[PDB]
RNA sequence: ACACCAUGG
RNA sequence: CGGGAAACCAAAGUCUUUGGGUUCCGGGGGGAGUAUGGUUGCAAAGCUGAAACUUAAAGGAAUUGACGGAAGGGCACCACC
RNA sequence: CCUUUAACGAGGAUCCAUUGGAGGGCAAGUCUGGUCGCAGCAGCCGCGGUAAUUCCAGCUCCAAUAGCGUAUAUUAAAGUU
RNA sequence: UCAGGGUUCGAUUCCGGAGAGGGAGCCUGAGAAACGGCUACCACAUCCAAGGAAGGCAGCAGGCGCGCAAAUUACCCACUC
Ligand SMILES: [Mg+2]
Ligand SMILES: [Mg+2]
Ligand SMILES: [Mg+2]
Ligand SMILES: [Mg+2]
Ligand SMILES: [Mg+2]
Ligand SMILES: [Mg+2]
Ligand SMILES: [Mg+2]
Ligand SMILES: [Mg+2]
Ligand SMILES: [Mg+2]
Ligand SMILES: [Mg+2]
Ligand SMILES: [Mg+2]
Ligand SMILES: [Mg+2]
Ligand SMILES: [Mg+2]
Ligand SMILES: [Mg+2]
Ligand SMILES: [Mg+2]
Ligand SMILES: [Mg+2]
Ligand SMILES: [Mg+2]
Ligand SMILES: [Mg+2]
Ligand SMILES: [Mg+2]
Ligand SMILES: [Mg+2]
Ligand SMILES: [Mg+2]
Ligand SMILES: [Mg+2]
Ligand SMILES: [Mg+2]
Ligand SMILES: [Mg+2]
Ligand SMILES: [Mg+2]
Ligand SMILES: [Mg+2]
Ligand SMILES: [Mg+2]
Ligand SMILES: [Mg+2]
Ligand SMILES: [Mg+2]
Ligand SMILES: [Mg+2]
Ligand SMILES: [Mg+2]
Ligand SMILES: [Mg+2]
Ligand SMILES: [Mg+2]
Ligand SMILES: [Mg+2]
Ligand SMILES: [Mg+2]
Ligand SMILES: [Mg+2]
Ligand SMILES: [Mg+2]
Ligand SMILES: [Mg+2]
Ligand SMILES: [Mg+2]
Ligand SMILES: [Mg+2]
Ligand SMILES: [Mg+2]
Ligand SMILES: [Mg+2]
Ligand SMILES: [Mg+2]
Ligand SMILES: [Mg+2]
Ligand SMILES: [Mg+2]
Ligand SMILES: [Mg+2]
Ligand SMILES: [Mg+2]
Ligand SMILES: [Mg+2]
Ligand SMILES: [Mg+2]
Ligand SMILES: [Mg+2]
Ligand SMILES: [Mg+2]
Ligand SMILES: [Mg+2]
Ligand SMILES: [Mg+2]
Ligand SMILES: [Mg+2]
Ligand SMILES: [Mg+2]
Ligand SMILES: [Mg+2]
Ligand SMILES: [Mg+2]
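Residue numbers (the entry's author numbering), protein chains in the order written: chain b, 2 to 100; chain l, 1 to 25; chain Z, 1 to 142; chain j, 8 to 115; chain Y, 2 to 130; chain i, 76 to 133.
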């Protein structure tokens with residue numbers, strides 16, 4: 002029987018949306034049905050930041066961030082534990098998880 | 001698939017038979 | 001979700017019903033005629049035939065037996081049909097190459113019970129009943 | 008063999024297996040080749056083929072594997088068909104061949 | 002596109018009595034609807050009602066009591082012949098002790114218990130019970 | 076097992092024969108109905124709630 | 001941050 | 001609100017208290033979108049479309065188990081280190 | 001022929017009621033003997049593999065009754081046209 | 001057969017039509033394209049002295065054939081006409 006009110010997809014009032022390739026599977030999924038993730042992380046790791054901030058040539062240097070936007074097929078997003086299957090009525094929560 | 005391939009097999013047999021019939025006459 | 005309701009639509013209603021009757025199996029075979037043309041009887045209740053030979057057919061699982069049938073060729077058509085013999089030990093009354101009167105089985109076209117593809121049953125062997133040949137009320141004319 | 012199925016009553020065949028000879032309308036045969044649907048070809052010890060059928064009492068119980076001695080019942084009115092009544096151990100098969108029961112025609 | 006104006010009026014009154022309202026607005030209106038509501042009022046199934054002029058088809062406000070149970074329209078105005086009237090009031094009505102078939106006749110818009118009295122049939126409009 | 080397994084009429088032949096034992100001419104017609112009414116309605120000697128059938132044996 | 005895992009009186 | 005076999009639907013509601021208007025189309029499961037005739041197409045194919053025969057079920061929503069080379073907690077030297 | 005009438009004409013062992021059933025649908029036996037997935041029954045679900053309420057028979061019981069069973073066409077059941 | 005609506009049947013004693021093996025042509029008569037009338041072809045079939053002649057039960061009985069499927073080669077104008 003039907004499992005989602007929105008068919009597991011965002012499209013309403015539209016015929017087609019251009020696809021997009023997964024980032025590990027290289028599959029080919031609609032841009033509104035893919036699973037997105039913005040990632041902002043330091044170019045250094047948190048273990049290293051006290052060593053690199055110690056041998057700068059300059060006195061004040063705030064290291065750069067790495068901005069990346071990722072898209073996942075559903076099979077690969079479930080295999081990499083990005084999302085998990087949820088209870089039947091607990092499936093209708095749209096708020097993102099608490100930080 | 002099994003509906004897809006059933007359809008495909010029937011199509012290829014139909015082609016072979018039509019060819020045989022219309023080449024006989 | 002829509003059926004014309006207006007006051008002069010009778011032609012549409014009648015011509016549409018007359019069409020949709022043809023999807024009802026039980027009506028279709030009464031009126032195409034291809035059933036009556038294909039019927040191994042003549043469209044009658046009974047038919048005479050001559051016993052070609054005696055066979056046994058293994059019943060359809062789970063239950064198991066060998067079901068003791070004649071194979072007959074009918075007089076009027078000349079076409080060949082298999083028929084059941086209806087009681088314990090009757091297959092000894094049926095000599096070979098005598099006549100018989102076969103009848104229907106009971107579901108109007110279809111094999112009854114566990115027997116695979118037998119649709120008729122015997123009533124008379126040689127102008128004497130099976131029910132009398134078997135209950136003792138009569139004996140074979142020879 | 009070897010399954011979960013200890014559910015059916017155990018073999019207990021160790022008790023007193025006799026010997027069994029022909030009758031009217033019974034005869035020994037050998038298995039030529041097996042066919043689907045359960046029924047199998049046969050070859051009796053006089054020449055008829057009698058495309059033979061496994062009786063309901065033997066269904067998935069005694070395995071009539073290829074090329075062994077069998078006992079079949081004939082039909083009173085049909086000859087090209089028969090039904091397996093019994094399978095012999097190689098012990099009974101030699102016992103019958105020596106006893107002067109089955110012909111010195113076919114091998115085991 | 003609004004082929005039948007009496008059908009809307011009776012469906013509108015009916016969708017609101019079930020809800021429990023006390024007044025309903027009907028729009029458009031006609032001589033036919035006004036005659037029908039009069040038959041429904043002489044018998045006590047609705048209260049008095051008020052017609053609004055607006056220089057077009059007007060609107061009606063009707064005061065409902067709870068006594069009404071159903072009213073409806075028979076969509077093709079079939080003919081009825083006073084010998085086929087029983088076969089109608091036995092299919093449409095819930096019991097022979099109440100309820101009315103409303104039909105239009107040469108002597109006006111009336112209810113079958115009066116058409117029998119004046120010996121005339123005509124065209125069926127609806128029913129209320 | 077012996078003979079043809081397919082031997083026709085096996086059980087009807089090997090069943091041992093027994094004659095009809097009776098003499099008593101049964102009743103017929105109205106007089107039979109007169110019987111069934113009396114036995115089913117006139118005297119029904121009272122019993123526990125676990126009621127019994129007219130041919131009971133067990 | 002994925003070698004291979006078929007079958008059942 | 002009400003409806004439904006229920007999942008569910010502000011329409012899939014206003015339906016045994018059954019009739020606003022009109023178009024297409026279904027009639028147990030298979031044989032089968034097959035055979036054949038017509039037609040369109042360079043071709044691949046599309047449109048229209050049977051019967052013989054065979055069968056007591058095939059199916060839909062939901063419930064409790066059992067299983068998973070599915071996920072989250074937890075446990076045992078008849079499990080491991 | 002029927003009707004009207006003399007003379008013969010009833011003790012029940014005949015001046016003899018049959019046809020189909022007895023697991024369910026569906027009124028009536030968890031009797032006794034026989035057969036052993038055989039012979040068979042069964043419109044449908046299903047009975048029979050050595051302890052058969054369903055097969056073959058005795059006994060008893062059920063339904064209609066001077067009638068009852070079977071095959072077939074058709075109508076209601078079918079709001080399954 | 002049927003609540004209401006309907007479905008199926010109507011060779012069959014009353015009324016109308018059509019036909020006497022198949023097709024065709026005509027005489028006589030108020031009335032016939034008549035077959036218990038005639039002529040010819042087609043298909044059947046009978047008698048013969050081998051020259052010739054003769055025929056029409058889908059009237060009543062009866063017989064063969066066909067098939068699952070249908071009564072006696074009886075009596076009489078007394079009744080209706
Ligand atoms: Mg699913
Ligand atoms: Mg838009
Ligand atoms: Mg849209
Ligand atoms: Mg699309
Ligand atoms: Mg169709
Ligand atoms: Mg069918
Ligand atoms: Mg494994
Ligand atoms: Mg294998
Ligand atoms: Mg395999
Ligand atoms: Mg809303
Ligand atoms: Mg809304
Ligand atoms: Mg909304
Ligand atoms: Mg709607
Ligand atoms: Mg509605
Ligand atoms: Mg409406
Ligand atoms: Mg179908
Ligand atoms: Mg199949
Ligand atoms: Mg199909
Ligand atoms: Mg189609
Ligand atoms: Mg074609
Ligand atoms: Mg065309
Ligand atoms: Mg073409
Ligand atoms: Mg179609
Ligand atoms: Mg079955
Ligand atoms: Mg399901
Ligand atoms: Mg886990
Ligand atoms: Mg421990
Ligand atoms: Mg261990
Ligand atoms: Mg260790
Ligand atoms: Mg009896
Ligand atoms: Mg019986
Ligand atoms: Mg009995
Ligand atoms: Mg019963
Ligand atoms: Mg009962
Ligand atoms: Mg015993
Ligand atoms: Mg016993
Ligand atoms: Mg017993
Ligand atoms: Mg009907
Ligand atoms: Mg039907
Ligand atoms: Mg009627
Ligand atoms: Mg007539
Ligand atoms: Mg006729
Ligand atoms: Mg007649
Ligand atoms: Mg006439
Ligand atoms: Mg006239
Ligand atoms: Mg004739
Ligand atoms: Mg004259
Ligand atoms: Mg003439
Ligand atoms: Mg005449
Ligand atoms: Mg003449
Ligand atoms: Mg002549
Ligand atoms: Mg004549
Ligand atoms: Mg005659
Ligand atoms: Mg005859
Ligand atoms: Mg008759
Ligand atoms: Mg006859
Ligand atoms: Mg006279």
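Ideal Cβ positions, reconstructed from N, Cα and C, are used throughout, including at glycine.
Residue Y:34 holds the alpha-carbon nearest to the alpha-carbon of residue 9 (chain Y) among Y:122, Y:24, Y:34. At a beta-carbon threshold of 7 Å, none of the residues of chain j lie near residue 87 (chain i); the nearest stands roughly 15 Å away.
For chain i, the residues of the region 58 to 84 of chain Z that bring a beta carbon within less than 8 Å of one of its beta carbons are 66, 68, in chain order. For the 7 Å CB-CB criterion, residue 100 (chain Z) and residue 118 (chain Z) do not form a contact. For residue 60 (chain j), the chain Z residues whose C-beta falls within less than 8 Å of its own C-beta are 58, listed in chain order.
Excluding its 5 nearest sequence neighbours in each direction, residue 23 (chain b) has C-beta neighbours in its own chain below 7 Å: 30, 72, 73, 74, 77, listed in chain order. At a Cβ-Cβ threshold of 7 Å, residue 69 (chain j) and residue 29 (chain j) do not count as neighbours. Distance from the CA atom of residue 79 (chain j) to the CA atom of residue 127 (chain Z), rounded to whole angstroms, is 37 Å.
Shown here, residue 90 (chain Z) sits in a helix according to DSSP, grouped into three states. Taking 7 Å as the cut-off, the beta carbon of residue 32 (chain j) is found closer than this to the beta carbon of residue 78 (chain i).
Around the CB of residue 83 (chain b), fewer than 16 other CB atoms lie within 10 Å, so the residue is classed as exposed.
For residue 34 (chain Y), no beta strand (DSSP E) encloses it; the enclosing alpha helix (DSSP H) starts and ends at 32 to 43.
The shortest CA-to-CA distance from residue 46 (chain b) to any of b:93, b:14, b:64, b:33 is the one to b:64. Closer than 7 Å to the CB of residue 31 (chain Y) there is not a single CB belonging to chain Z. Counted as a single uninterrupted DSSP element, the stretch harbouring residue 37 (chain j) is not any alpha helix (DSSP H) but the beta strand (DSSP E) occupying residues 33 to 37.
Nearest to residue 7 (chain Y) by alpha-carbon distance, out of Y:18, Y:67, Y:31, Y:25, is Y:31. Not flagged as an interface residue toward chain i: residue 71 (chain j), since no C-beta distance is shorter than 7 Å. Spanning the alpha carbons of residue 112 (chain Z) and residue 47 (chain Z) requires a straight line of approximately 19 Å. Contact annotation for residue 76 (chain i) against chain Z: no contact, minimum CB-CB distance about 14 Å [criterion: below 9 Å]. In this structure, DSSP gives residue 15 (chain Y) a helical state, which the three-state scheme calls helix. Residue state for residue 19 (chain b) is assigned as coil, using DSSP reduced to three classes. Contact between residue 104 (chain Z) and residue 120 (chain Z) is confirmed by a C-beta separation of about 6 Å, below the 8 Å threshold. For residue 80 (chain j), the closest Cβ of chain i is nearer than 7 Å. Considering only b:89, b:7, b:66, the residue with the shortest C-alpha distance to residue 50 (chain b) is b:66.
When DSSP assignments are scanned along the region 53 to 92 of chain Y, the uninterrupted stretches of beta strand (DSSP E) that are 3 or more residues long and fall wholly within it turn out to be 60 to 64, 72 to 74.
Taken in chain order, the complete alpha helix (DSSP H) segments of 4 residues or longer contained in the region 86 to 122 of chain i are 105 to 112. Relative to ligand 39, the beta carbon of residue 26 (chain Z) is positioned inside 6 Å of a heavy atom.
Of the other Cβ atoms in all chains shown, 16 or more fall within 10 Å of the Cβ of residue 37 (chain j); this residue is therefore buried.
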